[PDB]
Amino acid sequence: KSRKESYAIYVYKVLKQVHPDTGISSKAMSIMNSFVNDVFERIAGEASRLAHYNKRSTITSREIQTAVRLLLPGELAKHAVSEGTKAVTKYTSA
């Protein structure tokens, strides 16, 4: 038939770095998928508005950052920004 993408394999890989001996049921994996799609939409959507308000054609990490600052609660935001900045820096230095 066709294909049905899901974040499952990635969710699973991260589960291992955190709890190498812990598992996760199917229904739970579905919640995590729902969770990842949900945050994605919220962050992208916000980034989208930011660009439009400022009459910009491009969504740069700058927009993803401000979106994060606007959507995530304090500490969560603090770290979220941190991880994001690190990933770009590293990606560049390569």
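Residues carry their position along the shown sequence, with the first being 1.
Between the stretches 83-91 and 1-9, it is 1-9 that shows the larger average CA temperature factor. Comparing the deposited coordinates for 38-46 and 52-60, the stretch with the larger average C-alpha B-factor is 52-60. For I24, the recorded CA B-factor ranks within the middle third of the chain. Only modelled residues enter the ranking. Remark: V14 belongs to the highest third of its chain, ranked by C-alpha B-factor as recorded.
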